[PDB]
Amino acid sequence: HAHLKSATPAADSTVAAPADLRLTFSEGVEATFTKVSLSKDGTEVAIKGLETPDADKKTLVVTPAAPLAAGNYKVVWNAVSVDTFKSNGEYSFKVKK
């Protein structure tokens, strides 16, 4: 099972808007089969297809379709690991103007 070790922006951080979100897991994850829901104050934020840039597939990149405006974001993730276990979790962060 893939478990989330760290993310950028970090959980409970307040940051300038990030270019994308990067979730680093304890096991490789499958970008095709993993799903992420990004929302702000209870409204869906559109994202692109997911990606794992590294050979080991341990960092998942979530790219918003348009730049992130200020406010309170929630990330709900549903990972499929490279050994094909499903796991899920969630966290939040804030974007400042």
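Heads up: residue numbers just count along the shown sequence, starting at 1.
Asks: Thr8's Cα B-factor: lowest, middle or highest third of the chain?
Replies: It falls in the bottom third of the chain.
Asks: Place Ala16 in the lowest, middle or highest third of its chain's C-alpha B-factors, as listed in the PDB entry.
Replies: According to the entry, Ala16 has a C-alpha B-factor in the chain's highest third.
Asks: Report the third (lowest, middle or highest) to which the CA temperature factor of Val36 belongs, ranking only the modelled residues of the same chain.
Replies: For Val36, whose C-alpha B-factor we compare with every modelled residue in the chain, the answer is the lowest third.
Asks: By the recorded C-alpha temperature factor, relative to the other modelled residues in its chain, which third is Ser26 in?
Replies: Highest third - that is where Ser26 ends up once the chain's C-alpha B-factors are sorted.
Asks: Comparing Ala70 with the other modelled residues of its chain, is its CA B-factor in the lowest, middle or highest third?
Replies: For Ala70, the deposited C-alpha B-factor lands in the highest third.
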